[PDB]
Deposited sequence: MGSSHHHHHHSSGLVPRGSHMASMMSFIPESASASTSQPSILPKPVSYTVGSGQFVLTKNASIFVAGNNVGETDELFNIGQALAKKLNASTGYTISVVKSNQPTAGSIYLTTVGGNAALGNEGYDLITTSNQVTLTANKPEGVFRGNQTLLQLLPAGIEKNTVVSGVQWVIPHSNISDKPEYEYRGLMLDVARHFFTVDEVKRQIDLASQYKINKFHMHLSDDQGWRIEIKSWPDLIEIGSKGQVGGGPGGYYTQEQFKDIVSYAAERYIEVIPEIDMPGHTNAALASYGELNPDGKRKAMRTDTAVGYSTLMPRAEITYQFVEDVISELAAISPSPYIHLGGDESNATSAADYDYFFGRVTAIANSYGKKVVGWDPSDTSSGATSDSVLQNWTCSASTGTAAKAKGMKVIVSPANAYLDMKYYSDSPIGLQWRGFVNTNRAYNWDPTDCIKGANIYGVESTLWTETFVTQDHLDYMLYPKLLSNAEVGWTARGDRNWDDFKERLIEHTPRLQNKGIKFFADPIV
């Protein structure tokens, strides 16, 4: 038998017909079609009144999306007696084998029925439903001249990995609450279920801490290249969390420590050995900054920050960073990370950290390693301690240029085009681990505008999202590539300023 790898498409990028991404466990199509008309309602039915009420909110979110493009006014009904032309969302009789996020979605001529185990699974199923309707459905304004049809079809689905996330760096360049909500919204449509916020680094501090107000008054006032920066009040952070919760997306806030701390060090002189504030940094160097690992003021600071963040962040996880502490000795890093893990745990939070944080003698088996290095020795500690691992290999570093000539992006992990972002498995990063899942990281050294985010995340994130959701045995670049071509108008319709990758 003959085999080959993909080259660039001759003559440039290529960028009744459903376009499901990520690929579901099974999808069959039969004869006939359902027609969504102006008289459609969404019916919801759970196993008890509380569950029905949650399904009602989900139904309303779906109706809002459908109404924007159809111009209809579909409303939602608490009833288990759907009428012909209805969409029906239910958790009654869900297939347990499909888990919390799984669903069956069966479309007949008279009715769409989505059956899940939990409301979360109805929400994930709804993302598929939107992809079964014609391109045009994802428009934010009314589309005319398109019959809103769904082929008679049968889908069963569930994720391969529990953790399927996106990180946005808002420290290097700041993005508004609206901009952050948009990226959360867009990612949710591809079944991303985790959003990691990199809230602080050398060039800026982005979260209001009432007990240390100069973190904002001084530490938020810049960014890479010297713009004005910005920050989130605690009320704004809560709003982001709430918006994410409506999409069954867990928000994990990161305060990076003991390295990548210049913004805090520039805000408070007492955090520095010489008692003087550091100058703010607007360059892109990494590795040089450190908290004082043997000063109690350091641990008081971390505790105040953790206390306030814990109060407003319902996720059971807090990310404490731990990458590139090149100005911290191995012994002091071990000690430091153990102390801050104890603080986090006392405030009811489990710690996530970049490698090599798993090597801290103060880590517990409840701690989580974010494995970005992906070397043979990375996560040896995590594995021995029974710590879950989230992988972020080169293929998940979405800030990497697509090609040598990309006008934005970095290249320290090589170039990562749409194909590279697809052709990998989490076990390529680490073997012998309990892999919790995958996280796409969008660092923002070189990204200033919303269009820059769109360009780098789309289509790269679609590739990563399928690696997280679809089983390895069912992943195939030739298949995905052709599906991606088909999906292109949907990206256009959503207003995503994607890169038309020539490998697609």
Note to self, deposited ranges with zero CA coordinates are 1-6, 22-36
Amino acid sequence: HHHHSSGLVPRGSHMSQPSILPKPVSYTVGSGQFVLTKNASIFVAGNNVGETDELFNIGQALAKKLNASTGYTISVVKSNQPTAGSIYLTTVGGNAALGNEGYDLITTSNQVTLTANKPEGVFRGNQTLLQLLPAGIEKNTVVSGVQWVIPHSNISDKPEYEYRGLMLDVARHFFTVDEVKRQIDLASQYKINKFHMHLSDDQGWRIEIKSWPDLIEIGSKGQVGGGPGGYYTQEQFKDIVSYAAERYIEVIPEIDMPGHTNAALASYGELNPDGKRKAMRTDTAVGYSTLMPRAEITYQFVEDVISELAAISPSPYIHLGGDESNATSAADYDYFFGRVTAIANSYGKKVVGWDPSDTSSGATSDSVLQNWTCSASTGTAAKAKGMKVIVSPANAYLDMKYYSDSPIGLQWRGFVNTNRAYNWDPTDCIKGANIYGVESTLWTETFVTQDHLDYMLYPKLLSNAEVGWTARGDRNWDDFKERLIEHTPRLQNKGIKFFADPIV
From here on, numbers count along this sequence of modelled residues.
Per the entry, higher mean C-alpha B factor between 270-278 and 238-246: 270-278
Mean C-alpha B-factor higher for 443-451, or for 56-64? 56-64
From the list 199, 135, 408, 391, select the residue with the highest C-alpha B factor recorded in the entry. 135
Whose C-alpha has the highest temperature factor in the PDB entry: 94, 322, 414, 253? 94
Ranking the modelled residues of this chain by C-alpha B-factor as given in the entry, is residue 466 in the lowest, middle or highest third? lowest
Ranking the modelled residues of this chain by C-alpha B-factor as given in the entry, is residue 230 in the lowest, middle or highest third? highest
Would the CA B-factor of residue 317 place it in the lowest, middle or highest third of its chain? middle
Considering only modelled residues of the same chain, in which third does the CA B-factor of residue 428 rank: lowest, middle or highest? highest
Splitting the chain's C-alpha B-factors into thirds, which one does residue 191 fall into? lowest
